[PDB]
Amino acid sequence: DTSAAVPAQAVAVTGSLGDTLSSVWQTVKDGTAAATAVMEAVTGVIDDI
Amino acid sequence: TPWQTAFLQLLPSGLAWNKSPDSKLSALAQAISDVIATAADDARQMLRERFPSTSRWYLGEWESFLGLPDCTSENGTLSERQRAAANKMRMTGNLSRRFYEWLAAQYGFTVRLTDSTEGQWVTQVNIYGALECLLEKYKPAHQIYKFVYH
Amino acid sequence: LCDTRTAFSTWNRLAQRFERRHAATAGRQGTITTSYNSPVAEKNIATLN
Amino acid sequence: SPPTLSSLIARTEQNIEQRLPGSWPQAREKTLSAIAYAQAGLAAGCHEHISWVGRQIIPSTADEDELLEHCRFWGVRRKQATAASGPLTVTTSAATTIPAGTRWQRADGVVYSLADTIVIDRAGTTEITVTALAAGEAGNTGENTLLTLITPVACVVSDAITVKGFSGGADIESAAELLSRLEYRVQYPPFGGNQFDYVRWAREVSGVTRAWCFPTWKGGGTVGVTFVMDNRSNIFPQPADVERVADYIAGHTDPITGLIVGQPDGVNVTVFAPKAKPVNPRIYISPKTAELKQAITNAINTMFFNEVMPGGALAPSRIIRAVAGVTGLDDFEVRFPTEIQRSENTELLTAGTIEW
Amino acid sequence: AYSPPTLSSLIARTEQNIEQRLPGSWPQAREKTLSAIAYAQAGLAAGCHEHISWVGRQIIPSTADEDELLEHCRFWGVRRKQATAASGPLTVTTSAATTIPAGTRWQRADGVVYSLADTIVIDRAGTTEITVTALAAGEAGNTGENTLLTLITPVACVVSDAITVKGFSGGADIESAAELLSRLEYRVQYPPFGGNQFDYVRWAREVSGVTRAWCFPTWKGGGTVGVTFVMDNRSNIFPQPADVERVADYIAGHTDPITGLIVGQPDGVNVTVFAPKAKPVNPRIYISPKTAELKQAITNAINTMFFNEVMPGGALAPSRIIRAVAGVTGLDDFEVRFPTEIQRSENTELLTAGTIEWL
């Protein structure tokens with residue numbers, strides 16, 4: 001059943017992507033250009049969505 | 001090469017296919033099976049990587065797990081780093097002079113813990129032929145050390 | 001509590017642990033120090049082991 | 001450091017061209033290109049399996065099951081969860097015997113059973129001790145949690161109110177805590193009464209958070225360990241705590257081998273709690289807000305918890321970094337601690353009252 | 001990763017990879033020459049996947065093969081135990097009281113050689129028991145009851161017969177993988193044993209022959225401790241200066257029988273090893289029925305009490321002697337006459353039962 005095999009793989013791909021993002025994200029503790037630029041990136045992604 | 005022969009053996013057997021060592025199938029098999037050969041070589045080298053006494057790729061991870069970077073770890077020699085890691089990983093023993101002589105011998109040096117000269121607690125270490133800091137870090141809590149070179 | 005994976009290993013370890021005690025308590029059959037021990041106690045220990 | 005997919009593709013295509021002279025496998029939509037890509041995919045799959053086979057050699061990067069196996073092999077033992085015990089006030093009609101096994105259930109469904117039979121003839125409310133059955137962090141409750149009776153018993157009213165809350169419930173440790181313990185064990189090798197061994201012994205007891213050991217404390221035969229129990233509010237030790245820590249270092253049983261290990265007989269330890277040495281800083285900040293006050297003081301306490309020990313010195317640069325680390329404030333001028341503060345080993349510096 | 005892809009999945013995905021990067025679309029039923037190459041590539045991939053899985057099973061010592069477990073033991077320091085021989089008594093009789101050479105040999109019917117490595121001179125014609133060890137390392141060299149053995153090289157006035165009333169014992173083969181793993185885990189987990197009042201007792205008692213030990217901490221002030229050891233198995237209970245020196249050397253330095261590392265006393269404190277001095281007490285009990293069996297029973301009861309409840313630097317009330325005499329129950333009337341006061345001594349003197357009178 002090829003029609004119903006695409007969502008099953010898509011779910012696993014999304015889960016793996018989320019796990020990778022969670023693992024690779026590193027907390028920055030400063031209030032400098034790094035923190036404000038991370039804020040700009042996140043708010044731009046939210047703006048697009 | 002054995003890998004190209006294995007790939008050739010995996011092919012169907014018949015009058016059509018030519019598997020002689022000078023045919024085009026045999027020419028292509030080496031180029032195709034070459035990558036998997038390198039992958040298997042890496043997977044075999046992981047067996048050596050398993051120990052920190054011989055680790056090469058994972059020396060940084062081993063040192064971090066062990067908290068290695070300190071006085072005993074020599075300047076840059078990879079062998080010294082591996083030795084230090086392989087000694088700290090199985091570092092365990094008592095406070096006796098015999099054990100301390102054995103410990104100093106395990107790091108490549110050779111010392112003799114002789115009797116005191118001025119007191120009782122202070123013990124004299126004769127170094128014949130990093131060690132000072134290692135001994136001052138792993139010394140017994142109550143005792144004190146004196147160092148004499150020869 | 002043992003699954004089919006760990007049953008053999010755990011029972012092997014227990015067998016070795018009990019074998020050590022049984023051999024230690026059975027190797028000392030006749031000795032001038034074993035003469036001091038009470039007989040009923042020795043029987044009650046050997047049977048249990 | 002596995003090879004990348006593009007690198008594998010390029011290597012396979014180069015090998016194809018080398019083995020078949022006059023060939024250009026990089027041509028678009030061709031059989032040789034398709035074969036090269038398929039082989040690159042297979043090689044990438046194995047390289048990924050190779051990476052997973054690695055990264056489990058050490059517990060630091062290992063997965064959960066391999067971390068548990070490494071802990072079991074290295075000797076670190078997990079501690080199981082605990083039940084929830086508490087006082088239950090049961091009202092009685094006449095003289096009766098409450099057997100061991102009667103169950104009282106909460107409004108949610110959790111049941112608590114009595115483990116020892118009791119006899120009462122007071123014809124009035126009495127108090128007993130009762131323990132749960134779930135043996136988890138859901139066992140403990142609030143201040144006054146009503147709970148009914150499940151198994152009917154002669155001459156006792158069903159409902160029962162507990163005035164003191166149930167407590168003692170907990171949970172099994174996480175693999176992160178097991179890894180932390182194993183990392184501590186590997187990083188600090190155990191000797192017989194070493195300067196790290198005294199620290200780990202004094203830390204093994206409950207409640208304590210940090211401990212330091214001064215070898216040759218007062219002479220050639222004495223070593224001195226001082227510990228600090230931050231978790232409480234006094235954030236310091238009491239004579240009872242000092243006595244019990246000294247007793248634990250003097251003698252305790254080994255969970256692994258079952259024998260008794262501890263400090264050597266000849267030497268003396270003489271554990272003693274440290275003495276507070278407050279330091280009052282003068283800090284000027286242009287915006288005033290209680291949240292900013294709390295942030296500044298919290299930063300200072302974290303700085304002290306990280307980089308201050310008994311017998312150690314504290315430069316003003318540490319304080320200035322701690323105050324400047326606050327994101328909100330605009331000016332952080334420091335006035336009082338211009339000079340270096342030092343203390344003897346018996347007294348530990350502490351961030352006292354703050355002057356703003 | 002874990003659960004590597006199956007060979008069918010590899011075949012399907014490689015076939016799809018070859019199909020998709022080509023302009024045309026293959027029919028349903030066909031026998032293309034790229035399908036064979038795809039199947040061969042899938043077989044190659046599945047072969048290495050299995051090789052990598054085997055490699056990944058070798059890291060943890062709990063699942064390694066025997067050779068890789070031996071490599072782990074070589075790294076850690078644990079040494080495998082080789083096969084051991086089997087020893088036993090040989091009851092051989094001589095004719096004219098000869099001297100057996102240092103390396104005489106006996107043979108079994110199966111063809112397994114036993115050897116005696118010692119020299120023994122026989123005083124008179126009779127049957128004597130000699131310890132003999134097998135020359136076969138395995139378990140095969142392990143006889144049973146009443147096994148007959150014969151000499152290989154004739155010896156003057158020695159008849160070729162050996163009865164072996166008590167069978168040979170021993171014959172352990174090489175260590176198994178599980179046993180070696182348990183020994184390695186013992187070495188890994190066993191903790192350090194700094195010099196303690198309990199640990200000195202074990203260190204003194206580990207020496208063969210030593211059966212009772214006592215440790216006195218802070219003897220003659222702090223910084224030095226005393227120990228005492230005794231040997232009841234011998235006829236002379238109290239040890240000799242040679243034994244004192246041997247025990248002192250063992251405490252000063254020895255290799256732990258369970259962990260390969262070296263253990264010993266703390267560097268700072270001063271240990272002293274002194275043999276205990278006898279302070280005998282002579283009971284002089286009176287018994288109404290006088291016979292050898294009752295005297296033996298009373299002496300054994302007294303000796304058992306002394307072995308159980310008598311330690312250096314302790315007191316011994318006569319009530320214990322009275323109870324030991326009364327526990328025999330084979331008597332009619334008994335009386336304790338010499339010990340009427342509570343006996344006591346210092347650390348270096350040990351109470352012991354002397355020569356008993358009237359029995």
# chains A, B, ... in the order shown; residues from 1 in each chain; ligands from 1

call {"tool": "interface_residues", "arguments": {"of": "chain B", "to": "chain E", "cutoff": "9 Å", "atoms": "only C-alpha atoms", "output": "PyMOL selection string"}}
result
chain B and resi 3+6-12+32-33+36-37+39-40+43-44+46-47+50-51+53+90+92-99+102+120-123+140+142-143

call {"tool": "select_by_dssp", "arguments": {"residues": "chain C", "states": "alpha helix (DSSP H)", "output": "number ranges by chain"}}
result
C: 7-26, 39-48

call {"tool": "write_last_selection", "arguments": {"atoms": "N, CA, C and O atoms", "output": "compact mmCIF listing (two decimals), in the first residue's frame"}}
result
# COMPACT_ATOMS: atom_id res chain seq x y z
N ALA C 7 18.27 -14.63 32.68
CA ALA C 7 18.04 -15.74 33.60
C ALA C 7 19.29 -16.60 33.75
O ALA C 7 19.73 -16.89 34.87
N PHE C 8 19.87 -17.02 32.62
CA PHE C 8 21.04 -17.88 32.68
C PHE C 8 22.21 -17.20 33.36
O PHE C 8 22.89 -17.81 34.19
N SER C 9 22.46 -15.92 33.04
CA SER C 9 23.59 -15.22 33.64
C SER C 9 23.42 -15.06 35.15
O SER C 9 24.35 -15.33 35.92
N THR C 10 22.23 -14.63 35.59
CA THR C 10 22.02 -14.43 37.02
C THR C 10 22.09 -15.74 37.78
O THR C 10 22.68 -15.81 38.87
N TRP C 11 21.49 -16.80 37.24
CA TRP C 11 21.55 -18.08 37.93
C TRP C 11 22.96 -18.66 37.92
O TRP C 11 23.35 -19.32 38.89
N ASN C 12 23.74 -18.40 36.87
CA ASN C 12 25.14 -18.81 36.87
C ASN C 12 25.92 -18.08 37.96
O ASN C 12 26.73 -18.70 38.68
N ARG C 13 25.70 -16.78 38.11
CA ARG C 13 26.38 -16.03 39.16
C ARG C 13 26.00 -16.54 40.54
O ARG C 13 26.87 -16.72 41.41
N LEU C 14 24.71 -16.81 40.77
CA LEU C 14 24.28 -17.34 42.05
C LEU C 14 24.86 -18.73 42.31
O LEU C 14 25.25 -19.05 43.44
N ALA C 15 24.93 -19.56 41.27
CA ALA C 15 25.51 -20.89 41.42
C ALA C 15 26.97 -20.80 41.81
O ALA C 15 27.43 -21.54 42.69
N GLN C 16 27.73 -19.90 41.18
CA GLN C 16 29.13 -19.72 41.57
C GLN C 16 29.25 -19.22 43.00
O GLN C 16 30.11 -19.69 43.76
N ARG C 17 28.40 -18.27 43.39
CA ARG C 17 28.46 -17.72 44.74
C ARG C 17 28.20 -18.81 45.78
O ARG C 17 28.91 -18.89 46.79
N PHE C 18 27.20 -19.65 45.56
CA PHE C 18 26.93 -20.73 46.50
C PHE C 18 27.98 -21.83 46.43
O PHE C 18 28.26 -22.47 47.46
N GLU C 19 28.57 -22.07 45.26
CA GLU C 19 29.61 -23.08 45.13
C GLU C 19 30.84 -22.70 45.94
O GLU C 19 31.49 -23.56 46.55
N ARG C 20 31.19 -21.41 45.95
CA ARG C 20 32.32 -20.97 46.77
C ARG C 20 32.11 -21.34 48.24
O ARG C 20 32.99 -21.94 48.87
N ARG C 21 30.94 -21.01 48.78
CA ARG C 21 30.65 -21.31 50.18
C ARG C 21 30.64 -22.81 50.44
O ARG C 21 31.18 -23.28 51.46
N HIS C 22 30.01 -23.59 49.56
CA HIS C 22 29.94 -25.03 49.78
C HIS C 22 31.33 -25.65 49.77
O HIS C 22 31.65 -26.48 50.63
N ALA C 23 32.17 -25.27 48.81
CA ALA C 23 33.53 -25.80 48.76
C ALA C 23 34.33 -25.39 49.99
O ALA C 23 35.05 -26.21 50.56
N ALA C 24 34.20 -24.13 50.41
CA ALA C 24 34.95 -23.67 51.58
C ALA C 24 34.53 -24.42 52.84
O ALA C 24 35.38 -24.78 53.66
N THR C 25 33.23 -24.66 53.01
CA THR C 25 32.76 -25.33 54.22
C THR C 25 32.90 -26.85 54.15
O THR C 25 32.82 -27.50 55.20
N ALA C 26 33.11 -27.42 52.96
CA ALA C 26 33.28 -28.86 52.86
C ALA C 26 34.73 -29.29 52.77
O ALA C 26 35.03 -30.46 53.06
N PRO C 39 28.49 -30.54 66.58
CA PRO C 39 28.12 -31.41 65.45
C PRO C 39 26.78 -31.05 64.82
O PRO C 39 26.68 -31.02 63.59
N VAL C 40 25.76 -30.77 65.63
CA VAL C 40 24.44 -30.47 65.07
C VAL C 40 24.49 -29.17 64.27
O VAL C 40 23.83 -29.06 63.23
N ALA C 41 25.27 -28.19 64.72
CA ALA C 41 25.42 -26.97 63.95
C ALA C 41 26.07 -27.24 62.60
O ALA C 41 25.63 -26.72 61.57
N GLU C 42 27.12 -28.07 62.58
CA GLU C 42 27.78 -28.39 61.32
C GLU C 42 26.84 -29.11 60.37
O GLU C 42 26.84 -28.84 59.16
N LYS C 43 26.03 -30.04 60.88
CA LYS C 43 25.06 -30.71 60.02
C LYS C 43 24.03 -29.73 59.48
O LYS C 43 23.72 -29.75 58.27
N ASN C 44 23.50 -28.86 60.34
CA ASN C 44 22.51 -27.88 59.91
C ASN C 44 23.07 -26.87 58.92
O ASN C 44 22.30 -26.28 58.16
N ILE C 45 24.38 -26.65 58.92
CA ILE C 45 25.01 -25.77 57.95
C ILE C 45 25.27 -26.47 56.63
O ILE C 45 25.02 -25.92 55.56
N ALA C 46 25.78 -27.71 56.69
CA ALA C 46 26.08 -28.45 55.47
C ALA C 46 24.81 -28.73 54.67
O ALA C 46 24.81 -28.59 53.43
N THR C 47 23.73 -29.13 55.34
CA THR C 47 22.49 -29.39 54.62
C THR C 47 21.98 -28.13 53.92
O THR C 47 21.58 -28.19 52.75
N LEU C 48 22.02 -26.99 54.61
CA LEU C 48 21.56 -25.75 54.01
C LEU C 48 22.41 -25.37 52.81
O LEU C 48 21.88 -24.97 51.76

call {"tool": "residues_around", "arguments": {"residues": "residue 198 in chain E", "least_positions_apart": "3", "cutoff": "12 Å", "atoms": "only C-alpha atoms", "output": "VMD selection string"}}
result
(chain D and resid 251 to 253 259 to 265) or (chain E and resid 193 to 195 201 to 205 213 to 217 227)

call {"tool": "closest_residue", "arguments": {"among": "B:88, B:65, B:42, B:117", "to": "residue 3 in chain D", "atoms": "only C-alpha atoms"}}
result
B:42

call {"tool": "atom_distance", "arguments": {"atom1": "CA of residue 23 in chain E", "atom2": "CA of residue 13 in chain D"}}
result
19.9 Å

call {"tool": "closest_atom_pairs", "arguments": {"of": "chain D", "to": "chain B", "cutoff": "6 Å", "atoms": "only C-alpha atoms", "output": "CSV"}}
result
residue,atom,partner,partner_atom,distance
D:15,CA,B:31,CA,4.9
D:16,CA,B:31,CA,5.4
D:19,CA,B:27,CA,5.9
D:50,CA,B:43,CA,5.9
D:57,CA,B:50,CA,6.0
D:187,CA,B:66,CA,5.2
D:191,CA,B:94,CA,5.5
D:192,CA,B:94,CA,5.5
D:194,CA,B:141,CA,5.3
D:195,CA,B:141,CA,5.4
D:215,CA,B:141,CA,4.7
D:216,CA,B:142,CA,5.4
D:221,CA,B:142,CA,4.9
D:222,CA,B:142,CA,5.8
D:223,CA,B:142,CA,5.9

call {"tool": "decode", "arguments": {"residues": "range 178-308 of chain D", "atoms": "C-alpha atoms", "output": "mmCIF file, in the first residue's frame"}}
result
data_model
loop_
_atom_site.group_PDB
_atom_site.id
_atom_site.type_symbol
_atom_site.label_atom_id
_atom_site.label_comp_id
_atom_site.auth_asym_id
_atom_site.auth_seq_id
_atom_site.Cartn_x
_atom_site.Cartn_y
_atom_site.Cartn_z
ATOM 1 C CA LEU D 178 23.525 7.369 37.507
ATOM 2 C CA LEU D 179 25.895 8.764 34.870
ATOM 3 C CA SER D 180 26.830 11.628 37.194
ATOM 4 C CA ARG D 181 27.678 9.192 39.998
ATOM 5 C CA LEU D 182 29.709 6.974 37.659
ATOM 6 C CA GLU D 183 31.546 10.019 36.302
ATOM 7 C CA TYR D 184 32.390 11.097 39.853
ATOM 8 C CA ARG D 185 33.684 7.614 40.682
ATOM 9 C CA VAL D 186 35.887 7.491 37.581
ATOM 10 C CA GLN D 187 37.152 11.064 37.939
ATOM 11 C CA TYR D 188 38.139 10.754 41.628
ATOM 12 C CA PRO D 189 40.000 7.455 42.147
ATOM 13 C CA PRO D 190 39.513 5.832 45.559
ATOM 14 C CA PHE D 191 42.475 5.267 47.891
ATOM 15 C CA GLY D 192 42.580 4.522 51.602
ATOM 16 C CA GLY D 193 41.956 7.875 53.251
ATOM 17 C CA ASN D 194 43.152 10.076 50.390
ATOM 18 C CA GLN D 195 42.430 13.801 50.192
ATOM 19 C CA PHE D 196 39.678 13.049 47.660
ATOM 20 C CA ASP D 197 38.535 9.951 49.557
ATOM 21 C CA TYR D 198 37.745 11.982 52.673
ATOM 22 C CA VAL D 199 35.723 14.408 50.543
ATOM 23 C CA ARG D 200 33.749 11.592 48.925
ATOM 24 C CA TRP D 201 33.215 9.878 52.299
ATOM 25 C CA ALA D 202 31.900 13.064 53.911
ATOM 26 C CA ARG D 203 29.714 13.618 50.835
ATOM 27 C CA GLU D 204 28.263 10.086 50.819
ATOM 28 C CA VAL D 205 26.183 10.907 53.908
ATOM 29 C CA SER D 206 22.719 12.394 53.500
ATOM 30 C CA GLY D 207 22.003 16.124 53.530
ATOM 31 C CA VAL D 208 25.557 17.331 52.924
ATOM 32 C CA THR D 209 26.299 19.137 49.661
ATOM 33 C CA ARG D 210 29.999 20.081 49.635
ATOM 34 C CA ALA D 211 33.105 19.111 51.574
ATOM 35 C CA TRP D 212 36.795 20.001 51.556
ATOM 36 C CA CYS D 213 39.796 18.224 53.058
ATOM 37 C CA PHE D 214 42.998 19.873 54.283
ATOM 38 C CA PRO D 215 45.806 17.308 54.607
ATOM 39 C CA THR D 216 48.253 17.957 57.450
ATOM 40 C CA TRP D 217 45.693 20.263 59.035
ATOM 41 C CA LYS D 218 47.391 21.063 62.353
ATOM 42 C CA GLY D 219 50.399 18.744 62.245
ATOM 43 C CA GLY D 220 52.041 15.770 60.618
ATOM 44 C CA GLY D 221 49.355 13.299 61.660
ATOM 45 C CA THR D 222 46.003 15.092 61.443
ATOM 46 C CA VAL D 223 43.819 15.923 58.430
ATOM 47 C CA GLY D 224 40.726 18.131 58.630
ATOM 48 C CA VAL D 225 37.486 17.848 56.652
ATOM 49 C CA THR D 226 34.860 20.610 56.625
ATOM 50 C CA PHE D 227 31.440 20.187 55.023
ATOM 51 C CA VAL D 228 28.559 22.573 54.184
ATOM 52 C CA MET D 229 24.863 21.491 54.038
ATOM 53 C CA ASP D 230 23.399 24.234 51.761
ATOM 54 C CA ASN D 231 19.961 22.588 51.151
ATOM 55 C CA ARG D 232 18.655 23.827 54.557
ATOM 56 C CA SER D 233 18.331 27.508 55.597
ATOM 57 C CA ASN D 234 21.254 27.675 58.070
ATOM 58 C CA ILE D 235 23.308 26.440 55.058
ATOM 59 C CA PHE D 236 25.891 25.306 57.619
ATOM 60 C CA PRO D 237 26.514 22.376 59.995
ATOM 61 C CA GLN D 238 25.264 21.584 63.558
ATOM 62 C CA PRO D 239 27.112 19.614 66.257
ATOM 63 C CA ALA D 240 24.866 16.592 65.644
ATOM 64 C CA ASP D 241 25.631 16.707 61.915
ATOM 65 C CA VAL D 242 29.364 17.021 62.610
ATOM 66 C CA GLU D 243 29.235 14.072 65.016
ATOM 67 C CA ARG D 244 27.345 11.869 62.556
ATOM 68 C CA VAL D 245 29.671 12.806 59.677
ATOM 69 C CA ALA D 246 32.684 11.947 61.837
ATOM 70 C CA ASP D 247 31.044 8.640 62.784
ATOM 71 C CA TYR D 248 30.336 7.816 59.131
ATOM 72 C CA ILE D 249 33.938 8.541 58.150
ATOM 73 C CA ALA D 250 35.160 6.506 61.137
ATOM 74 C CA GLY D 251 33.137 3.455 60.155
ATOM 75 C CA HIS D 252 30.595 2.296 57.588
ATOM 76 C CA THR D 253 29.799 -0.816 55.580
ATOM 77 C CA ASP D 254 30.539 -1.240 51.882
ATOM 78 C CA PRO D 255 27.472 -1.967 49.707
ATOM 79 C CA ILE D 256 29.517 -3.877 47.116
ATOM 80 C CA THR D 257 31.730 -6.290 49.055
ATOM 81 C CA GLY D 258 29.852 -6.198 52.376
ATOM 82 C CA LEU D 259 32.875 -5.365 54.544
ATOM 83 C CA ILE D 260 33.671 -2.270 56.616
ATOM 84 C CA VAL D 261 35.835 0.488 55.124
ATOM 85 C CA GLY D 262 36.753 3.928 56.404
ATOM 86 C CA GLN D 263 39.497 6.128 57.777
ATOM 87 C CA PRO D 264 42.736 4.528 59.011
ATOM 88 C CA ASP D 265 42.906 3.736 62.714
ATOM 89 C CA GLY D 266 46.120 5.585 63.555
ATOM 90 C CA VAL D 267 45.244 9.031 62.221
ATOM 91 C CA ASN D 268 42.693 11.458 63.661
ATOM 92 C CA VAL D 269 40.281 13.561 61.616
ATOM 93 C CA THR D 270 38.494 15.983 63.991
ATOM 94 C CA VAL D 271 35.763 17.141 61.628
ATOM 95 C CA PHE D 272 34.634 20.722 62.217
ATOM 96 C CA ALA D 273 32.059 23.010 60.638
ATOM 97 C CA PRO D 274 33.232 26.269 59.022
ATOM 98 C CA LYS D 275 32.589 29.762 60.372
ATOM 99 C CA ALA D 276 30.779 32.444 58.384
ATOM 100 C CA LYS D 277 32.748 35.523 57.290
ATOM 101 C CA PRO D 278 30.253 37.991 55.793
ATOM 102 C CA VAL D 279 31.332 40.571 53.226
ATOM 103 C CA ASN D 280 29.125 43.605 52.618
ATOM 104 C CA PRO D 281 29.444 45.160 49.137
ATOM 105 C CA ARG D 282 28.427 48.666 48.096
ATOM 106 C CA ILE D 283 26.832 48.543 44.635
ATOM 107 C CA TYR D 284 25.236 51.492 42.839
ATOM 108 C CA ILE D 285 22.660 50.724 40.132
ATOM 109 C CA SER D 286 20.810 53.475 38.281
ATOM 110 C CA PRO D 287 17.493 51.592 37.775
ATOM 111 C CA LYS D 288 15.808 50.476 41.012
ATOM 112 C CA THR D 289 13.481 47.462 40.967
ATOM 113 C CA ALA D 290 12.975 44.575 43.389
ATOM 114 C CA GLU D 291 13.369 42.125 40.499
ATOM 115 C CA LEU D 292 16.749 43.677 39.688
ATOM 116 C CA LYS D 293 17.701 43.447 43.379
ATOM 117 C CA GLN D 294 16.809 39.744 43.370
ATOM 118 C CA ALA D 295 18.734 39.132 40.147
ATOM 119 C CA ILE D 296 21.850 40.831 41.523
ATOM 120 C CA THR D 297 21.793 38.976 44.838
ATOM 121 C CA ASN D 298 21.095 35.647 43.108
ATOM 122 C CA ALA D 299 24.039 36.215 40.771
ATOM 123 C CA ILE D 300 26.259 36.986 43.761
ATOM 124 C CA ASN D 301 25.191 33.848 45.652
ATOM 125 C CA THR D 302 25.743 31.701 42.555
ATOM 126 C CA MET D 303 29.201 33.252 42.140
ATOM 127 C CA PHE D 304 30.004 32.441 45.770
ATOM 128 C CA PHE D 305 28.666 28.887 45.430
ATOM 129 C CA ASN D 306 30.845 28.373 42.337
ATOM 130 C CA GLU D 307 34.194 30.028 43.137
ATOM 131 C CA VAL D 308 34.456 30.387 46.946
#
